[PDB]
Each structure stands twice: as structure tokens, then as C-alpha cells.
Amino acid sequence: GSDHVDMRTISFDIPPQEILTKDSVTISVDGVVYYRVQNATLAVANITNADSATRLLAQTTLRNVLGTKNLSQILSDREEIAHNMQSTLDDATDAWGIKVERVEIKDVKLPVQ
């Protein structure tokens, strides 16, 4: 019956977003996110707004998780930001017929060079 087009592999890239840490220092962190959408139809049909939400929600979640820590913590502990970021996104996207797979980040800019 159905077995055409790969609508299970959905990966998104997040550009270096600047956020404030516990040290009140701005840091630009970048990473990639991998997820699988089950509601490709409704998903792709409303992706025009879904994409923005994913980027906005991802930026806010990552900004908070990392913003609540030090530069040496968010840069050394990407798992915390990745888990927290996927924690909300997974539940926030789950209801939208989307299941997260794995989020990997790596590209944080240090304040004082």
C-alpha cells in the first residue's frame, strides 16, 4: 500500500544564537536537531508556522537551560541544554504528530577571547 517518500527523517539546524549566562556574558551557541514527524501531511501543511515555533521554542528552551548556567557549564555540558531543549520540544511537538530523535549541539562562542 504505502511505502514511498521518506517522511520519517526530519533534521533541523540551529544557527549560533547569542544568550546570556550566569556570568552575564553573551555566548553564541549552534547545533543540529534530529526528529521524526508522523503527521507529515498536517505537519508539512502547517510547516510555514511549525518551523518558526520549533526555532523559537528551541531558542527559548536552550537559552534558558544554558542561560541558567555558566559559560564553562553550557559549553562543557551540552547534554543539559540538549536534554532540556528536547524535553520541551518533544512534548510540545509530540501533540503535533512529531517525535524527537536526537539533538546534538556544538559551537559555542566564548565572551572574552
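As recorded in the entry header, the structure was determined using solution NMR.

As annotated in the PDB entry, the chain carries the name Stomatin and is attributed to Homo sapiens.

Engineer: Hey, could you go over the environment of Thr54 for me, with residue numbers and the actual values?
Structural biologist: Looking at where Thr54 falls in the secondary structure, it is placed in helix α2 (residues 47–67). On the basis of relative accessible area, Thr54 is assigned to the buried category, the value being 16%. Sequence-wise, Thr54 and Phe12 are 42 residues apart; in three dimensions their C-alpha atoms are separated by 9.0 Å.

Engineer: How would you explain helix α4 (residues 78–94) if you had to name every residue and give the values?
Structural biologist: Along its 17 residues, α4 runs 23 Å from first to last C-alpha, staying within 8% of the 24 Å computed at 1.5 Å per residue. Against β1 (10–20), β2 (26–37), α2, α3 (71–74) and β3 (98–108) lie the buried residues of α4.

Engineer: Kindly report on the nonpolar core, identifying the contributing residues and their values.
Structural biologist: Residues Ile27, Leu62, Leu66 and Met85 are the most contacted members of the largest nonpolar core, which totals 24 residues. When residues no more than four places from it in sequence are discounted, the contact partners of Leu66 are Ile19, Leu20, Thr21, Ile27, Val29, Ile74 and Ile81.

Engineer: Describe the pattern of salt bridges, listing the residues and the values that go with them.
Structural biologist: Side chains that carry opposite charge are capable of pairing whenever their charged atoms lie near each other. What the rule picks out here adds up to 4 salt bridges. Here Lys22 ties to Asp23 by a salt bridge, and the two come within 3.2 Å at their closest N and O atoms.

Engineer: Can you lay out the pairing of β2 for me, pointing to particular residues and giving the numbers?
Structural biologist: Pairing geometry for β1 and β2, over 9 bridges, is antiparallel. Within β2, the residue paired with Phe12 across the bridge is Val33. Taking the residues between adjacent antiparallel strands as the criterion, β1 and β2 are bridged by 5 residues, where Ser24 takes a positive phi near 60°. The sheet contact formed by β2 and β3 spans 8 bridges and is antiparallel. Opposite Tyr35, over in β3, you have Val100 as the bridge partner.

Analysis parameters
- Residues numbered from 1 in each chain as written, not as in the entry; some residues may be left out.
- Heavy atoms only, no water.
- Helix = DSSP H or I, 4+ residues; strand = E, 2+ residues; numbered from the N terminus.
- Buried < 20%, exposed > 50% of the residue type's maximum accessible area, 1.4 Å probe, protein only.
- Expected span 1.5 Å × (residues − 1).
- Contact = heavy atoms within 4.5 Å.
- Core = buried A, V, L, I, M, F, W, Y, C linked by side-chain atoms within 4.5 Å.
- Salt bridge = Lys/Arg side-chain N within 4 Å of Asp/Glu carboxyl O.
- Pairing = 2+ DSSP bridges.

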